[PDB]
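Analysis of the macromolecular model
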Amino acid sequence: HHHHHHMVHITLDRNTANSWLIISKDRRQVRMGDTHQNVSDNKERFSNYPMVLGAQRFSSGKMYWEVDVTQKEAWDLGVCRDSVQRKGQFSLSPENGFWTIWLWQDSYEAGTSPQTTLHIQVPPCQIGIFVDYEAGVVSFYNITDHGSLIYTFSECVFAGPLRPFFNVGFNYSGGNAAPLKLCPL
Ligand SMILES: CCOC(=O)CN1CCS(=O)(=O)CC1
């Protein structure tokens, strides 16, 4: 792909994070803590899952960023509406305002309803995410496999400002402690 020139500098928004997440001082890395991280509750925080939003809001244009997922067993990545539900149980679907892919139990799937199987021959260590707001497109790229396409959501109905979306996943196994990292431009 030739989307690299739309690169944007994404930072994480502390105030949206699940209370067990640890966001680095530079706001470029997030990981699961082993306990509550001693922050107050607020209506922005994701309560049920280890999720956080980027600070940036997008309502036009073309945007591209990359995320490092090295040695993780589970994660979700993509974009979501600024107004997604924060509290309680919900599925990641375009109907609920999410355009995402994930890794879970050794398989990759796109967050459609119902979910779609992805065909990845080279497990990615870094994922590229491209958003074209006007075209209604969200695309995912395998940076480890020379930028190969993973998945395209098309005919997206964003219906609001978009935020970068992250889930570091649960660490019940002891094998998913590694962080998500925003990779340099
Ligand atoms: C994020 C919501 O908190 C929990 O469900 C509690 N806990 C699950 C197992 S874990 O992922 O090892 C650490 C967090």
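For the structure, see preceding data.
Residues numbered from 1 in each chain as written, not as in the entry; some residues may be left out. Heavy atoms only, no water. Residues with missing side-chain atoms left out of burial classes, pairs and counts.

1. Re the overall build of the protein chain
Of the regular secondary structure elements, the protein chain holds 0 helices and 13 strands. Mapped from its N terminus to its C terminus, the protein chain presents α and β elements in the order β-β-β-β-β-β-β-β-β-β-β-β-β. Whereas a compact globule of 185 residues would reach a radius of gyration of roughly 16 Å, the protein chain reaches 15 Å, a difference of no more than 12%. Long-range contacts, defined here as pairs at least 24 residues apart, represent 64% of the contacts in the protein chain between residues at least 6 apart. (Helix = DSSP H or I, 4+ residues; strand = E, 2+ residues; numbered from the N terminus. Rg over C-alpha atoms; globule rule 2.2 N^0.38 Å. Contact = heavy atoms within 4.5 Å.)

2. Comments concerning the side chain of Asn-142
Structurally, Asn-142 is set in strand β10 (residues 137-142). Within the local environment of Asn-142, its side chain forms a polar contact with the backbone oxygen of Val-122, the two atoms lying 2.8 Å apart. Engagement of the side chain of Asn-142 in a polar contact is seen with the backbone nitrogen of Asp-145, the distance being 3.1 Å. (Polar contact = N/O pair within 3.5 Å; in protein donor to acceptor, adjacent residues only side chain to side chain.)

3. Remarks on the site of the ligand
All residues in the neighbourhood of the ligand are listed as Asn-18, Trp-20, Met-32, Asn-48, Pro-50, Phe-170, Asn-171 and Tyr-172. Between the ligand and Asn-171 there is a distance of 2.7 Å, counted from an oxygen atom to a backbone nitrogen or oxygen. Relative to its free-state accessible area of 370 Å², the ligand is covered by the protein chains to the extent of 74%. Along the lines of polarity and charge, the residues of the shell around the ligand split into 5 nonpolar, 3 polar and no charged. (Near = heavy atom within 4 Å. Areas by Shrake-Rupley, 256 points an atom, 1.4 Å probe, with all protein chains shown as cover. Nonpolar A, V, L, I, M, F, W, Y, C, P; charged D, E, K, R; others polar.)

4. What to know about the state of the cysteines
Summed over all chains, the structure comprises 0 disulfides. The closest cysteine sulfur to the non-disulfide-bonded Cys-125 is located on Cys-183, 10 Å from its own sulfur. The class of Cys-125 is partly exposed, set by a relative accessible area of 31%. (Disulfide = S-S within 2.5 Å. Buried < 20%, exposed > 50% of the residue type's maximum accessible area, 1.4 Å probe, protein only.)

5. A word on the sheet that holds strand β5 (residues 75-81)
Overall, antiparallel pairing links the 6 strands, which are arranged β3-β12-β5-β6-β7-β8 in an open sheet. Of all strands in the sheet, those bounded by a partner on one side alone are β3 (51-53) and β8 (116-117). Bridge count between β5 and strand β6 (residues 98-104): 6 bridges; the pairing is antiparallel. Bridging from a neighbouring strand, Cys-80 pairs with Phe-98 of β6. (Pairing = 2+ DSSP bridges.)

6. A word on the sheet that holds strand β1 (residues 21-23)
The pairing of strands in a sheet happens through backbone hydrogen bonds and is either parallel or antiparallel. One open sheet holds the 7 strands; their spatial order is β1-β2-β13-β4-β9-β10-β11, and the pairing between them is antiparallel. One side of each edge strand has no neighbouring strand; the edge strands of this open sheet are β1 and β11 (148-153). Pairwise comparison of adjacent strand axes, ignoring direction, gives a mean angle of 20 degrees for this sheet. (Axes fitted to C-alpha atoms, helices over the stretch in contact; angles between N-to-C directions.)

7. Considerations on the pattern of salt bridges
Inspection of the entire model under this criterion finds 2 salt bridges. Taking the shortest distance from any N to any O, the salt bridge between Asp-13 and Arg-163 comes out at 2.9 Å. Here the residue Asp-13 occupies a position in the segment before β1, and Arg-163 occupies one in strand β12 (residues 162-167), the gap between them amounting to 150 residues. Side by side, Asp-13 and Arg-163 carry an identical accessibility label, which is buried. Two residues, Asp-41 and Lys-87, come together in a salt bridge whose shortest N-O distance is 3.8 Å. Taken as a pair, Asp-41 in the loop between β2 (29-32) and β3 and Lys-87 in the loop between β5 and β6 lie far apart in primary sequence, 46 residues in all. By relative accessible area, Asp-41 is classed as exposed at 65%. Among the residues examined, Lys-87 registers a relative accessible area of 33% and is labelled partly exposed. (Salt bridge = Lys/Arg side-chain N within 4 Å of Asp/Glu carboxyl O.)

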